[PDB]
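Engineer: Take a look and give me a structure for this.
(chains A, B, C, D, E, F and G)
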Amino acid sequence: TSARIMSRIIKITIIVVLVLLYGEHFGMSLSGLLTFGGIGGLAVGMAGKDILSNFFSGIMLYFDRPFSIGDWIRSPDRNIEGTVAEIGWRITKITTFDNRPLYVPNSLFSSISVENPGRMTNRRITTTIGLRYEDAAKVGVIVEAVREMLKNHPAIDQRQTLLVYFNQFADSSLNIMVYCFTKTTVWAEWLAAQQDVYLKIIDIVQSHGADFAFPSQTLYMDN
Amino acid sequence: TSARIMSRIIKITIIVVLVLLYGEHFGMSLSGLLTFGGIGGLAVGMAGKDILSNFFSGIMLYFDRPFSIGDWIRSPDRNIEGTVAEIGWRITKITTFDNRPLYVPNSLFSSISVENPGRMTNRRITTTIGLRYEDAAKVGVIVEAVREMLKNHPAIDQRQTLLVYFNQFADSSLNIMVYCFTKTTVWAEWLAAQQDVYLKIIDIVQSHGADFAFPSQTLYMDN
Amino acid sequence: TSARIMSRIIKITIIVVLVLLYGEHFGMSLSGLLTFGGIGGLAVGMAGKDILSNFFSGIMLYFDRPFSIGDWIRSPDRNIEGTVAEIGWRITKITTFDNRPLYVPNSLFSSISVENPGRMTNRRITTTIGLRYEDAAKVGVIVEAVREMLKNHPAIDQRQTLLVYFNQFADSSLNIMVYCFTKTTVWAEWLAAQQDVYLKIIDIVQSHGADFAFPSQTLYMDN
Amino acid sequence: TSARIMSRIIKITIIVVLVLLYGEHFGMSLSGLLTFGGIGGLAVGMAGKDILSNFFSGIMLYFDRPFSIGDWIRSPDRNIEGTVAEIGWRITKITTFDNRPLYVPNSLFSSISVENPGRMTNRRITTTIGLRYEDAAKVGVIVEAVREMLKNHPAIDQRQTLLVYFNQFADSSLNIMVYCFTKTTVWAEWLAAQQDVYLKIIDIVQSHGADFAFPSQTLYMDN
Amino acid sequence: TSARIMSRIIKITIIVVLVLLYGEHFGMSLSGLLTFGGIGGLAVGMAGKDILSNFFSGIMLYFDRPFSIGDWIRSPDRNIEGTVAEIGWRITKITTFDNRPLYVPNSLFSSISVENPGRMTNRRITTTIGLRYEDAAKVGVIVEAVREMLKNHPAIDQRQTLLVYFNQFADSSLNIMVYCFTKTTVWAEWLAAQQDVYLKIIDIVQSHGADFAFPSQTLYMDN
Amino acid sequence: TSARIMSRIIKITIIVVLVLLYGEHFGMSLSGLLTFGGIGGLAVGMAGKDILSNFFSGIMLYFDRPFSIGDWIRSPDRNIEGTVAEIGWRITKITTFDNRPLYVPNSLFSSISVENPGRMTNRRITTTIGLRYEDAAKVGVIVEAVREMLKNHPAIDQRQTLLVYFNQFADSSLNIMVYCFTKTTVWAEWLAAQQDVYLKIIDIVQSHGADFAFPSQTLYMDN
Amino acid sequence: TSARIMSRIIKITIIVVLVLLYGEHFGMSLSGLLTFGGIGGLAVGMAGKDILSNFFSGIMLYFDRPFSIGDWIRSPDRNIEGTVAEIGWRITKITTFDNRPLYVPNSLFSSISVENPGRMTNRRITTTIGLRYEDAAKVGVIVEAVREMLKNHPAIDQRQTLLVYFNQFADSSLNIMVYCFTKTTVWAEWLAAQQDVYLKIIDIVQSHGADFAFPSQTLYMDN
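Structural biologist: Numbering: from 1, shown residues only, chains lettered A, B, ... in the order given. This is the structure:
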C-alpha cells in the first residue's frame, strides 16, 4: 500500500548516494560538501538517541541475558513486571500478571536494576504482630513460643536466616518482627505455608491472653 | 494567505543554494565557508531534538506497530489511555474513554513502556475481604468455602491462576486475597461476572457470621 | 529610545561581516579563522536551545494545527488549560477559564500530549454511589432500577457505552460505578443533565431504604 | 580595588590575541593551532549554558514583552509571583506581594508558561457549598434561589459564564458548584463583592433549613 | 607535602607543551595530531561542566551582585537561606540562621530565583481567623471592628495594602483573611507588632461572642 | 543458531574495513570520506552513553573496590540493597535479602553514594519513648534511671557515644531520645540486645508510674 | 590473577600507539585517519562523564577544602551526613553517625550545597509551645516569664539572637516561638542545656494554669 511512503524511503537513501557521486564528479566546489555533509551526522545525532540506540543495546543483551524467557522480572525503578515473553531488538514482549503484553523498549534494560525473582532461592515471609501495652509483661514468653514454633515447623528453612524479636517500639503497638524463609518459590505452595503460619501464630498471641492491637486513642471529656 | 510566512520559507531554502554557489564562484575566501558552514549543522542540531526526531521515530513505528488501531494503550509511565485512533508522523490521534482526542507526539512511544490491554487474554479480578479479629477462629473455613466456589463458578477460568489465602495480617483487618481471572476481556461481560462474584462472596462471609470490617479504634475514657 | 541597545544589535551583526571580509583579504593567517570560527557555532549552539527552537517548532505547528483557535486544550502533562487565543511564533496566547492570558512558548507543544476537549463527541458522567453494608442484600435490585433508568432517560446516549455495576468492594462502602455519556459537550446543558441524573438516582437509593454511606468506624470502650 | 581580579580579565583576553598573532607569525607549526584552538570553543561551550544564554534570551524578550512592568506575573510552573519591577539582561527585578525583590534570571522566561493576571478581564469567583444528606430533598429549590440571585446581583457579570449546579456527589457532602465572574479585577473591589455574595448565599442555605455540612462519621458501639 | 600529587600536576601540563613542540619539530606524521588533539578538548568538555563553569559564572556575579554581603537570601527553589557571608569564585560562604556556614557553589546562582528579603521594604503579616458557623450572622460586624482597628493602629502602614474579608468558605470554618504590612523589616520589632495585633484581634472575636473554631465532626450513634 | 544474527555482526564490522580500503584505493573523491566518516563517530556517540560506558566504569571499579563481595551495600539514592554477589563488566550480581538476584549495571556505581553497612563498626540503636504530660514532673528522674542503666549494661559500648535526653517536645507526647551503640554488627546478636534493652527500659517507665503514651485528643460536647 | 584482564589493558593502550605509527608510516591513505580518529574522542566523550570528571573535580577540591577531615557535613540536597573520614580522588570516605562508611564520589561535591555544622558557632534551640484557647487571656504574662528566664539563664547566649513571641495562630493551638542559641556546639552539653530549658519552661506554663495543648475536636450528637 501507500505510494508516498514507499517512495520517500528511496528518496532519503538515493540522495546520500547522489551527494557522494556529485562531489566525486563535480561539486565545485569541494568546500561546500563537508559542511552540508556535517548536518547529516549532527541531525541524525540529535534525532538519534534511543531510537537508534535500541539496536546496539539490544545486541549487548544478546551477548548475555540476565533474564531468560522463563522468568518474571520486577524492577524497583521502572514499573514493569511479570514473565518475560519474547526478546526482540526494537522491543521485548512481556506478559504481566494481568496477562496484558507490555512491549518494553530494549534500551531501558541498559539502565535500571533488573532483579528477577524467577531465579529465587526462597520466599521471605515477613510479618508484624503488635500487642497492646496491656500485654507488655508477657512479651518475653509469647515471643519465645513463636520463636520455638518456626524452628519445628516443616515448611520454613531452619538453616536459613530466622529472626524474631521485640524490635520496634512503634506507635500504639509493640510490633514484633517475624522474619523467616520458605522452601518453594512457587506461588501456591508458599502462600499455603504462609496461611498455615499466620493461623498458628495468631493462636499463640490469642493463647496467652495477649491481644492483637489496633490504632487506639485517649478521648478526654468535660464533666 | 500571509505574505511574510510564504516568503520566509523561500528565504531559508534560497540561501542554502546561495552559499553553495558563492563558494563555487568566489567565497574568498574558501576559509570562511566551513565555519559559517558549521553553525547551520550545530544550530539545527540543538534546535532539532524531538521536533526533528518525530519523523524518524515515527518511521520506526511504521516498520512494526506494537499497537494497531483497534486497541487501547495504557502506559504506566506517561498519562495516555484509550483506543488508538489514527497514526501519523508528527502525531498520533488517540481517543480517550472520555472521547477527547489526545494528539500524542510520536517520539514518546520510543521511550515509555506501552502495554496494551486491548490484546488481553483475560481480566484479573483482584479484591480484598477483611474480617474482624472477632471472626478470627473461623478464618480457615470461610476461606475454604470461598476457595471452593470459584472453582465451580462458570465465569472464572479454573485452569488459570487461582489463589485465595489469608495473606496479609494488616491493620485493623485480616485481609484475604481473592485473585482469579475472567474469560472475556470485554467490558460489560467481565464486570457482570465481577458483580456476580462479589454478591456470592459477600454472602459467604455473612453466612458464617464473620462480619465485614471497617477501620476501628479503641477509645479510652476518664471515670 | 536607548542608544546602547540599538547600537549593540549593529555591533553583533557587523562583526560577522568583518570576520568574513578579513579572512577574504588578509587573516594571516588563515589558520586562526576556523578556530575562532567554531566558537560562534558552538556558543550559539549551547546558548541556543529553546530560545532558537521556538521558531522551527512553531513552523511545524504552522504546517498543521491539532488545536485551532476555537477550542480549549487541557494537557495532562504541563499545566495549561482553557481556550486557545491566538497563535504566534515566539508564543501562543491562551485564555484560561479565569480569563487570564497565559503566553505559552511554542516549543512545549512539541513534547506534551495535547488533548483538546473542545473537539469532544460527548461528556462522560462518572460517579460513585456507595451503600452501607446494611443495604447489602438489596444491592442487586437497587442497581437494576438505576440500570433501567439511564436507558430510558432522554439525555444520555443509550447507544454509547453504558455500564453500571457493583464493581469495587472498597473501604467502608460498597461503591457502584455509574458510567454513561451525555449528548451535548456544551457546559450548561451537560451539567443540567448531570443534576437531573443525580437527583433521580439519589431518590432511588433513598426509595428502597438503602442509605447513602459515609466513612464509619467501630469505637471500643472499657466498662 | 583588587589587582589580581582586574589583571586576570586582561589576561584571558590578551592571550586570545597572542595565539592569533603567533599562528600568523610563526606557530611552527600551523597544525597545533586548530587543536588548542578547539578547546576554547568547546570549553566555553560546556561552561556557557545559561550564563551565556541569558543575554540572547533577554534580547528576545526585548523584541516583544508579554509582561510589561505594570503587571503581576504568576507562573504555574516556577514559583515566581508579584508585580514586574524592572527589566535587565542578566536579571529581572520583580517585587513580590511580600515586597521582597526577587531577581529572576531572564533565561527562565524562555521556558515556563507565564500567565499574567495583571491583564485580566475578570475575576472568577469559585466556591463550593455542601449540604447534609438531610437537606437532600430540598436541593432543587435551594439551588434555584441561589441561581436566581446571581443574575440579579449588580456585581457579577450576567453576560459572562454563570453556572450553578449539583455537580459533585462527593464524600459526606453534596457539593454545589458556584461559578461566576466579577467586574473589577482590582483587589479590594472584587473581594468586597465576594464577601457580599457569600453573606447572601450563606443566608439562603440557612433560610430553607438546609444546613451547611462538615466531615461526619458513623460511630459504632458495644452494648 | 606529597610528591606524587605535586608531580602529577607538572606532568598533565608539560605534555600539552610536548605535543605542541613535537608536532612543530617532527610528528611524522602531522595527521595523528588533530585526532589525539581532539580528545583533549572533548574529554575536558564532558569532564568540565560546573567544575569549570563556576569561575565564569562567578565572574558574571562579579560584574554585578544582586546580593551584597549584608543580606539574607532565601531561594524558593534550592534550599539555601541566611545571611551572605563572603563571596569567592569556587564557592560562596553563607551563614544560616543556625550559624552553620554552608559553602554554596557559585554556578547555582546562575539558575535559581534568588529573592533577598534583606532588601525588604516591609513585612506582610498574614493570618487567618475562622469562626464557627454559630458565629455566622455576626460575621459582618466582627470583620468591621477588625477592619477598623488596623487602620488606627500605629504599627501597620495604613497607606500600604490592607485587606480584610470573608474570603474563603473553607472546611469546618469561616476563614477570614487578615492581610497587612508592618513598618520595620527588623525581626524583633515586627514580631512584637504581630503579637500586639493577634492579642487585640483575638479579643475582638472573643468580645462579640463569636468563638474561635477547631476541626469538628458529627458523630452518629445507635439507640 | 540464527543465520541473520550471526551474519549481521560480520556485516557491521566488514564495512568499517571496506570504507577504510576504499578511501585508500579510490574514494573519489577523498572529500566525501571525512563527512560519512563523521556520522559514525557522532551516531556511536549519541547511541553510546551508558551502553558503552559500562566497561570503562567497570574497569575503574576494578582498580579499587569500595565494596568487596562479602558485604551488603545499601544506597540512600538508588534502591539496591543486600549482599554483593559477583562482579562483572556489563553487570554486577547482587543478592537481596529476599534472595532475588538483582543485576546492577555497573555505571550506576559511578554516581550514587554507596555506603556499605557490611563494614560497620557498630549498630546504633535509636528509639523514642514518649510520656504523657501527666508524667511530666517525674521526667527528670525516669530519664536518669534510664541514663544509668545503659552505662551498666554489658551489651552497649559505654565508651562510644551515649546520649539520653528530653530532646523533643513534640505533639501529644514528651519524646525522649535513647541513642546508643551495640557491639556486634551481626544481626541476631544485636537484635537480641535490642530486645533486652526495650524490655528493661519499658519496665522503668512502668516502674515510676509514668505511662507510655499514644496519640490523644480533646473531645468537646453539647449539654 | 586474571590473564584476560591484565591483557586487555595492554591492548586498548597499544593500539593507540599502532594507529599513531601506521598513519606516520603508511595509512594510505591519510584520509581515513582523522575519521576513525574522531570516534575515539567522541566515544570517550560520551562514555566519559563523571567517571572521568571525578579526578579533575577532586583536584579542585585539593586546591581548597571547605570540609577538613575533622567535621561532619550535612547536605540539604543529597543525603550524606556524618564526619568526613578520608579524602581520595575517585572517592571520599565518610563515617556516618551509624558508623557505616559511605564512599562518596567526589564529583558530587561540585554541585550540592555542603554546609558543615562541624564549623558551627552555636546551636539554635527552636521549640514550640502551644496553649489552649482557654489560656488565651494569660498569654501576655506567660510569654513574659519565659521571655525573662532565657536572659537570666547561664547556658544561652544573651548577646545572640533571642526571640520569643506569640507568632503563629495555628490550628487548635496558640503556638509560641522559642528561639535561642546555646554556647557549646558539642552534643551532650547542648542537649543537656535543652533538657534544662524545657524542664524550666514546662513548669512555667504549668505554673500559671495555662495548660499544654493537643489536637482537639468538637463532637456533635443527636438527642
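Engineer: Quick check: residue A:164 touching residue A:176?
Structural biologist: Yes: if you go by Cβ atoms under 8 Å, residue A:164 and residue A:176 touch, sitting 6.9 Å apart. Any C-beta I mention is one placed from the backbone N, CA and C, and that applies to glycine too.
Engineer: Now list whatever residues contact both of the two.
Structural biologist: A:143, A:146 (Cβ atoms under 8 Å, 6 or more residues apart in numbering or on different chains).
Engineer: where along chain A do the helices fall?
Structural biologist: Taking DSSP state H, the helices of chain A run over residues A:3-25, A:33-46, A:49-63, A:108-111, A:139-152, A:187-207.
Engineer: so which of these gets nearest chain C?
Structural biologist: helix A:33-46 (9.6 Å; Cβ to the nearest Cβ).
Engineer: Report the inter-axis angle for that closest one versus helix B:49-63.
Structural biologist: Put simply, helix A:33-46 runs at 70 degrees to helix B:49-63, going by axes from the mean of the first three to the mean of the last three Cα atoms, to 10 degrees.
Engineer: name the helices or strands packed onto helix A:33-46?
Structural biologist: helix A:3-25, helix B:33-46, helix B:49-63, helix F:33-46 (3 or more Cβ pairs under 8 Å, 6 or more residues apart in numbering or on different chains; DSSP states H and E).
Engineer: neighbouring contacts of the longest one?
Structural biologist: The list of residues contacting helix A:3-25 from outside it, by Cβ under 8 Å, 6+ apart, reads A:30, A:33, A:36, A:37, A:40, B:59, B:62, F:28, F:29, F:31, F:32, F:36.
Engineer: Now tabulate those in TSV and tack on neighbour count.
Structural biologist: Listed next are the contacts of helix A:3-25 as TSV, based on neighbours: other Cβ atoms under 10 Å in any protein chain shown:
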residue	neighbour count
A:30	16
A:33	23
A:36	17
A:37	24
A:40	17
B:59	16
B:62	14
F:28	12
F:29	18
F:31	19
F:32	23
F:36	18
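Engineer: care to break chain A down by domain?
Structural biologist: If you go by automatic domain parsing, the domain ranges for chain A are A:3-47, A:49-119, A:123-207.
Engineer: quick one on the thing from earlier: what would the helices of chain A look like in JSON lines with distance to residue D:128?
Structural biologist: What follows is those, written out as JSON lines (distance: least, Cβ to Cβ, whole Å):
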{"stretch": "helix A:3-25", "distance to residue D:128": "53"}
{"stretch": "helix A:33-46", "distance to residue D:128": "48"}
{"stretch": "helix A:49-63", "distance to residue D:128": "45"}
{"stretch": "helix A:108-111", "distance to residue D:128": "43"}
{"stretch": "helix A:139-152", "distance to residue D:128": "50"}
{"stretch": "helix A:187-207", "distance to residue D:128": "45"}
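Engineer: Can you say which of those is nearest to residue D:94?
Structural biologist: With Cβ to Cβ as the measure, helix A:33-46 is the member of the helices of chain A nearest residue D:94 (34.2 Å).
Engineer: re earlier: hey, which of the domains of chain A is tucked in deepest?
Structural biologist: Ranked by mean neighbour count, the domains of chain A are led by domain A:49-119 with a mean of 19 (mean count of other Cβ atoms under 10 Å in any protein chain shown).
Engineer: Residue A:76: what's it in contact with?
Structural biologist: Contacts for residue A:76 (Cβ under 8 Å, 6+ apart) come out as A:112, A:113, A:115, F:79, F:80, F:102.
Engineer: Roughly how far does the first one sit from residue A:61?
Structural biologist: The reference is to residue A:112. The gap separating residue A:112 from residue A:61 is 13 Å, by Cβ to Cβ, to the nearest Å.
Engineer: now the fifth one
Structural biologist: The spacing between residue F:80 and residue A:61, counted by Cβ to Cβ, is 20 Å.
Engineer: The closest residue to residue A:220 other than its chain neighbours: what's it in contact with?
Structural biologist: Take residue A:220 and drop its neighbours on the chain: the residue closest to it by Cβ to Cβ, 6 or more residues apart in numbering or on different chains is residue F:218, 4.7 Å away. Counting by Cβ under 8 Å, 6+ apart, residue F:218 makes contact with A:220, G:213, G:214, G:215, G:216, G:217.
Engineer: Out of those, who's the most crowded?
Structural biologist: Per-residue neighbour counts (other Cβ atoms under 10 Å in any protein chain shown) across the contacts of residue F:218 peak at residue G:213, which has 22 neighbours.
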